[PDB]
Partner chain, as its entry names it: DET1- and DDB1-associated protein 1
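Take a look at this one chain, the form deposited without the partner chain, written out in structure tokens.
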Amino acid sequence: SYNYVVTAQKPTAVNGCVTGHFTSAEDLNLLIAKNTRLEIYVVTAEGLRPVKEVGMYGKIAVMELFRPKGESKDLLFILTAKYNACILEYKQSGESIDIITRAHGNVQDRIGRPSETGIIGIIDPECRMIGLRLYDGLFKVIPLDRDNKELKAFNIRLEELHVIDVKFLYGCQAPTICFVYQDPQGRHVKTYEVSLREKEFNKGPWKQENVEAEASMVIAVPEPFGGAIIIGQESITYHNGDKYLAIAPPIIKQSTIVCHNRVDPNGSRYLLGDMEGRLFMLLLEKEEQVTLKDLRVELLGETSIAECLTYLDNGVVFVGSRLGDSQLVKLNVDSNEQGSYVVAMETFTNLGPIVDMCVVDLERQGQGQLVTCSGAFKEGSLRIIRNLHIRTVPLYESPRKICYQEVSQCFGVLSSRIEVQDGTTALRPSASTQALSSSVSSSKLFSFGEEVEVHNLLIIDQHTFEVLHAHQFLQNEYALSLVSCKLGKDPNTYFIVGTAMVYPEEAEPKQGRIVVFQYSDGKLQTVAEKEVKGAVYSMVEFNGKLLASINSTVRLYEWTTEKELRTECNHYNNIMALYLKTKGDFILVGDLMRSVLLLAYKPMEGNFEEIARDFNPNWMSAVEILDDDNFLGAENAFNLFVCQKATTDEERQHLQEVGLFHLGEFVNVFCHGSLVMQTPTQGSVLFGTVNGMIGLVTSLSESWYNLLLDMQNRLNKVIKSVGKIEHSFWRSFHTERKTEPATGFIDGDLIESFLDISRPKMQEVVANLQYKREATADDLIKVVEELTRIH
């Protein structure tokens, strides 16, 4: 297989943001790490002015600004998920802007398992070292000397394996870390002093303490207060030597606090963000003998569910979201309307998480549009994307699956909302509680404060995107699959929904339904309802019949003239058929553990028989049939793989992995289609990911594959990567178990970058290359422009 991957839409989810003085000593700068992109803005009264955008050969996991002594402006430390560490500077000479690499290295350890709490990265306030927590029981120190250009690091063993959070303390004479850890006795706060000369830990400035059973956040309070603040599920405590304070406000018990930010340089005010979108202000009270007098928490308002916060200036706060649009809000002294002090100023689009999507020619102009189910919880919405213009349709609940029915001119959307047992009460008005017409399921078949998922099928108009109808499902029913097809010889078009009956006392569902609805004359009508003995994980129309997965079984159904589903054949697989794809008479079955199974339907024998199989233990998030021989999948550690289908039975019955690639994204959905008006590229598969990035995979001929592979290998020698990460290292299929180089895949972003280099660089890349004629710059420009045409 010879494939080609490009990015139609870059990642939109914000995974980190910091504020500092990066571009200039005066400019107030906001740095945003999304997934692999780094956006540097200059904060102004008018808002944000995008100054630069950079691409990293890695997923940014740590991103901090620090100013060592002797530097006029701040440097930027970035660690990636593959442990590429780098120290960068913003160099500008007139209109020219580029990011210099002051230092770089790889801080991976040959052995050691990643800590479950994840990568932690902190910088001492005096910039004497960088402390990284990547593996259990180890603490990596990178000295911050002026000549450590290779970022040489040394480990210090930690007696406490389960470290929750850790910070560097302010005001300490020597580098001191305060961290929260958990042992069987409970959760404790400890402090150490770091000795670089001795390369070890010394007893910390103040003693060990005991904190809330679920204390999980540490804040380092700058001078004059000093000390640390521990934030847990019920209480907020402050420690500084012998000094100790504690509060247990009731306004925070409803939701965990997961992000914070300091408003004042003295630490008098902090921002706090909860999981449900509440923004609080934490206040520290000053007394002069300077010591902290008292803590108090005041709810500020409601924002989009925050992944991170950063106070810019003049009461403007940037809220970085992964589940919704990022926000620029204003903090007002006077409460307004209900009493919220937060006034949203600006919004920034975020398509992630893209959990499902479809391709539809809404205008019939022969150009495809993409309809995606984006966001989660109150951030859920539909996004319509076309050649890149984006339209938004908020739902205020979680969309899960989407289908299109051209005959009735509507979309069917599986959705879920969260209700509190109180009868169950909805927390807000959402799409499923505000439809023009609605119905509730009724079938003979089959505490206080708890949360329950209420599922609905929403019929939504394709023109105005109004919720025409909302059908609520049975209590404790989980709608999993959704198709829109014509079955048998019936002329009617139906929505078909597969469900499961989920009970917390039951690990694996034992009951489920397949419900056939018909949408007509403004009402949704239940046309049929078939009970099954498992969860209907997936469903596909199959030559006018219905193929479905029920636990570990693949069942075939026919639409009898009396409008009922009648079993045709069963195939009892050992694996759970989560993923179910069809092409012609071939069926691809996959489960969550990377097992792939290719079967074929025999029209004459009327049964299923296995064609091929490939069982390799690894997490798999999606699958697709590229063609009759090659199958594309998304595999753990943000990878793409391509399996392929001898004269010997033992060999013809085995798929071989002919392609591997490291994408850097978690792919949720594949779908055949394209957004360009309808060649070296044959085929097209769009895919949508957790971070909101939309990508495209096409197939290439071996000649073109080799030409573009040589162009790649020649571009890597001219293109100056940021952080000096190597492209082959970046794109190597990576798993916690092993690492292989990329095979069978052409990085189309690197290829398309060929049009950004200068003419001398084009000549250098193209030198001694054979197009039989020696290739020149113009020919390769033609190649790359034709390749860019595909999207």
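Residue numbers count along the first chain shown, from 1.
Unshown form deposited with the partner chain bound; subsequent notes refer to it.
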### Message
Since only the chain is shown here, I'm wondering whether residue 568 would be in contact with the partner chain in the deposited bound form (any heavy atom pair within 4.5 Å).
### Response
no
### Exercise: residue 100 in contact with the partner chain in the deposited bound form, heavy atom 4.5 Å
yes
### Query
Is residue 105 close enough to touch the partner chain in the deposited bound form, meaning at least one heavy atom pair within 4.5 Å?
yes
### Task
Consider residue 52 of the chain shown here, and say whether it contacts the partner chain in the deposited bound form, taking contact as heavy atoms within 4.5 Å.
yes
### Query
Can you pick the stretch from 329 to 337, 487 to 495, 696 to 704, 433 to 441 whose heavy atoms fall within 4.5 Å of the partner chain in the deposited bound form?
329 to 337
### Summary
Picking from 176, 235, 721, 303, the single residue whose non-hydrogen atoms come within 4.5 angstroms of the partner chain in the deposited bound form is 721
### Heavy atom within 4.5 Å of the partner chain in the deposited bound form - residue from 600, 359, 281, 540
281
#### Entry: Non-hydrogen atom within 4.5 angstroms of the partner chain in the deposited bound form for each of 516, 661 and 742
no
### Task
For the heavy atom contacts within 4.5 Å of the partner chain in the deposited bound form, list the residues of 143 to 159 involved, in sequence order.
145, 146, 148, 149, 150, 151, 152, 153, 154, 155, 156, 157
